[PDB]
Structure formats: structure tokens, C-alpha cells
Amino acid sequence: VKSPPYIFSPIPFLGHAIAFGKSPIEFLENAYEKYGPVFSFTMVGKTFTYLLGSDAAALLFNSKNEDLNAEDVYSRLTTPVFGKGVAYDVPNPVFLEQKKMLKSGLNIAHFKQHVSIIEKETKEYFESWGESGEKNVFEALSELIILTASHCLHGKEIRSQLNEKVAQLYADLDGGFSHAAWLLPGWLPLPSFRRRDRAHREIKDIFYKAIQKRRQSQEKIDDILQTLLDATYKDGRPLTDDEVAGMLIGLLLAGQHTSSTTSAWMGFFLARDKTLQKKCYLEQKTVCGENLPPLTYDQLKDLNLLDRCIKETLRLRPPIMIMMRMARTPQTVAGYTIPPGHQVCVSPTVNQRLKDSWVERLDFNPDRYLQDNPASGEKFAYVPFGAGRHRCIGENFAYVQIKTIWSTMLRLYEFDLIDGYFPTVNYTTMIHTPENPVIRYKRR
């Protein structure tokens, strides 16, 4: 019985809050060098054990929620946003069943509807950008993906309900994913806290309309919303309008920022490497045809450089930078015993550029997978959508959304850095955004 190596700190309560908050990746890498794959440190009165590399990460991924708990650590910020009865407000096994319902709605038949739907929105959004200029790509992508995600994961009913003042209510909901919502108790009246809670009530209320609007129309519509309204537990109990609305919010959030971010980054990687940008466009012609017809799901499967470009963007910029659990029981990894109380953590980001197992780690090189790599060489070195019980379900949909958008975007425009500026990473938010994400764009 032995404790993970502990990283002592000068500052009594803050701990490593300032060094880690400043640049978590450098911090975690420096710690990996000095202390190894399993270590502890204190931030803001809380102790964190991190698991780095595949072997160590294995513990968090392979474990039961009974032993490494996700609600204990997420409820604080998620439950106020998504709502009661949904996600981390219920016991895990109840959650899994809701996960299976959402899974059902994410299949090839729906994805075939999604492709053309997203393609139209993309084309129609970018009518405002004209033939050339300099605009913020991430904000454009943020707005577009709020349109595409809603169109696909919510109904046409809800998509037709989106205006300026609804995006504001979504923005209010984003402000729930904060530094402060995690650390500070909910009973404090902060600006962001009231802002968020106001929007939750409103948007639940807006979803109540559209659920009622569809529950009553007879036209057989087969999208994701229908899948939810039709589903049932092992019980045989259908979902309450509340439950449904709860998981509609969870879909909107999961599906929006994780794809805007990633799309935005890939933009800058492709603008920095103009040869690779050219090859992606060439592959568009080679696969789909020189006449560039509207996109099909079946064509997507064959855009393999684009696919690896997305694989590689997610490698160097996974939007979920950290996974967390609470140790409810003692757990053993690498010979260390993590005591109950620690928040146990894995970082895809660190794992995915770890010097031990990636060649030219900081290089944007989608051909790395066409060689030997730990993404197939190792279990948990490449892990942007997690693994085990808490593993993602949006991977196919996120690949469809991003793929369609960038196909359309490369068809519209050639992209370039402004004065060679490659954006750095903003760590002031759990939304990890590119700093000043403005690209130059020529018509193709």
C-alpha cells in the first residue's frame, strides 16, 4: 500500500491553481517528466490524482461508476443546465438507458437525412461572407453549428423556433459551464448563475411547446425527437416531457461546442498547411466528381484524408480536455493506491501528444495514422471520445457534422492565416477556444 507521488505546493489554499490554470498541459507534462504517470496535487482545497498514458488511464476507463463516480463530480454544473431527472441527476444505470435511447436516434438512416440538411445550412449561412475577406471563423462556426445541431438533433419545429433572443438564452446556458459553477456552492447569487437559471426555465418552456406541437401532429416524421417521444425504459414507462426536454438540452450542448471548437481548429491547421488544404479539395473532386454534386453519406466514407484530418485535429485539440471522477473506494494503478476523496483525472490532450508514444508529437500530420501509432497500437493513448461506461455516443454524428461542413467550406473557400498568425489556446473557459480566431478567405 503506497500513495501516488504528491506534488507539494507553496500556496496554502489556492495550491497549484495559478500554475495549472495558466497552462494545464505544460503543468501536466512537467509533472509527467518529474513524477511519472500517476501523481497527486492540490488545487483550491481539492486533491487531484492524474492518470497519464494508456496503462494508467486504463483504471479510469475500465472502472465501475460504483468505484469511480461521475455524478459526484459533474452534477454541480450539469444538472442546473440540463435539468432535473436527466444525465447526472439520476443513478448511472438510469442514465445508461437514456443513453441507449439517444443512440437509437443516431443511425445511418438519420445520418443520410443529416448530410443534405447540414449542407444546405452551411451554404446558406456563408452567403453573408461574400467573395473575400477576414472574419472570425469560430464565431461563424458557433452560429452555424447551433443551426445545424438544432435542425438535426431537435426537430424542424425547434429549428424554425431559433432567433437572436434564443441564442442569447443558449449563451446564458453556456455560462453555466464555468470555473465558478464547479468551485463555489450553488446558493451564491452570481450574475452567471441567475442568467443561466433564467434561460433554463425559458428553454424548457420553449421545448414544452414543440413537444406538444409534435406529439399532436400526425405527419409521420422520423428524426431524433420522434425517437425520444417513442422510447420506453425496461419499465415500459415512456419519457416525461420533462425528461425529453432535459435530454434535448443535453444534446444541444454536447453537440454544439465540441464541434465548433474542433472545426475552428482544423480551419487553422489547414490554413497553415496549404498543400494539405489543396489535397483535401482535390480529394473532394476525386471522390465526388469535378461537377461537385450535393453530398451523400456514402461519399463521406471515402474522404479518408479529411477523416484523418479530423482524427488529427481531435488529437491535438480535443474539446473535452479533462475527464474526472470521484474515488468512492480505494483503487490501485501502477502500484499506487488512490485513497477515497481524490478527484481522479485523465487528459486526452496529454495522452495524445505524449512524448513516449508519438513521433513529431506537436506536428499536424494526418499521415501519422498511415504508419505505426498508439491509436491502434495502444488501448488508451488516443481517446478523444473517452472509453468504458462513460464513453461518447456522438462520435458518428460529430464526424458527420464536421465532415459535411468542411467539405462544403472547402468548396466555397480557400483559407489562409492572417500574417501567419496561428491561434493560441484560451484557458479562461472550459470552452477551449482559439485566441482571436480570424481567418482570411478567397473564393475557390
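Numbers follow the displayed sequence, beginning with 1. Between two forms, the rigid core is the largest collection of C-alphas that superpose within 1.5 Å.
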{"property": "Stretch with larger C-alpha RMS deviation in 5 other deposited structures of this protein, core superposed, 429-437 versus 416-424", "result": "429-437"}
{"property": "Greater root mean square CA deviation, 78-86 compared with 368-376 in 5 other deposited structures of this protein, core aligned", "result": "78-86"}
{"property": "Average Cα temperature factor in the PDB entry - higher stretch of 298-306, 165-173", "result": "165-173"}
{"property": "Of 191-199 and 143-151, the one with larger mean CA B-factor", "result": "191-199"}
{"property": "Criterion, highest CA B-factor; candidates, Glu360, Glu312, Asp356, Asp222", "result": "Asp222"}
{"property": "Identity of residue with top Cα B-factor, from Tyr74, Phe268, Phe126, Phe364", "result": "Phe126"}
{"property": "Chain third (lowest, middle, highest) by recorded CA B-factor, residue given as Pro238", "result": "highest"}
{"property": "Third assignment of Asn351 from its chain's C-alpha B-factors", "result": "lowest"}
{"property": "Lowest, middle or highest third - CA B-factor, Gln113", "result": "highest"}
{"property": "For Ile25, the third of its chain into which the C-alpha B factor falls", "result": "lowest"}
{"property": "Among modelled residues of the same chain, the CA temperature factor third for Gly341", "result": "lowest"}
